[PDB]
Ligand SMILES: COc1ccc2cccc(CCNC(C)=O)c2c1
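Single chain ahead, by itself, as structure tokens, in the form deposited without the named molecule.
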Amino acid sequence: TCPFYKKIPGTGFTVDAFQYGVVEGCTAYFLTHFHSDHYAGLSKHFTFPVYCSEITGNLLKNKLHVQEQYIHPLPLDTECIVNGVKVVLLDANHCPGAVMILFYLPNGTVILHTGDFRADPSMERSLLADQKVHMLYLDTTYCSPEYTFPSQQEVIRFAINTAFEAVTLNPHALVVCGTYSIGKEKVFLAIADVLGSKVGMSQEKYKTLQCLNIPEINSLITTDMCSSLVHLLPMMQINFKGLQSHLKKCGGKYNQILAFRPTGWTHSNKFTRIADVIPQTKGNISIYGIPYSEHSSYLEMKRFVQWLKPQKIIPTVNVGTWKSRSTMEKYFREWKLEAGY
């Protein structure tokens, strides 16, 4: 049965609620982005209207084979009427096609559902600025002060410098990058660009990337592993066993692997700086874990919410335990007292 935090009061609407069957009294199902915990339950046998971004709509059709007639893409930053209710989709700064949704209820209330997001000061100059928000459905993934990580720009700098140094010292080194969903494409694209290579990958991952409206994508990626010196592999294979096996497959073309695992947060972040990060090494293989996040840090989340000044906050992440719930409510109260709303 669908939880309260996926229901939008005063509407026939749900958000990211596809694993509950036919929800009683839902006329439109919104989908914030193409991640499996969020789309869980959609399939080619869905016959209700799905509202989403253009990019999410490419993935639903091409990867899940949802039929076209049920796919309702909307432009961003544009006032749209759905089943008689004004809505706006905003860029969520998460993965490609990820949105936040503003609902303007018939009774005068305004609600923002963040989906998954990485808060940024640029959001303070979208259509959010223009009016007041009564209720906030917030991505609280990293809602605790210990969660610090660097900017995406600093992390990509580190990865580009690291890769270019290694391959310039050894032209026979291969760079491998792990992936398990869409998101974080800048990691492997930035490294390939500095090396003047295309990125090689499976046909299934190549297909996925073709749905994302990345400009000039044909100039950047390929299914020919031989012609490429940056390879993508499933995240599960990013370990000494899995990478040894892959090196076997390259026909003596390479004698060293340098690999990147973009993780979320990892406790090494509490004591160490990005400049200081070191790999795990075994023989001719080195693995770097790099904290490339597509969710808000604690400080970014706080700044966003203090700016928005919502009347009520409903967390959508870490809600399963009383201790988590109570911890989050404490921080929301500090924020409101510190800022004065």
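For every residue, the number given is its place in the sequence shown, counted from 1.
The same protein also exists as the form deposited with the named molecule bound; that form is not shown, yet it is the one meant from here on.
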Joint contact, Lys63, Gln203 and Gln210 to the named molecule in the bound PDB entry, by non-hydrogen atom at 4.5 Å: no
In the bound PDB entry, the residue from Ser43, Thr272, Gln67, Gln311 that sits within 4.5 Å of the named molecule by heavy atoms: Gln311
Contact test in the bound PDB entry: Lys249 vs the named molecule, heavy atoms, 4.5 Å: no
Proximity of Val50 to the named molecule in the bound PDB entry, heavy atoms at 4.5 Å: no
The named molecule contact in the bound PDB entry: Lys132, any heavy atom under 4.5 Å: yes
Contact label in the bound PDB entry: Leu59 to the named molecule, heavy atom within 4.5 Å: no
Those residues of 243 to 270 which, in the bound PDB entry, come within 4.5 Å of the named molecule by heavy atom: none
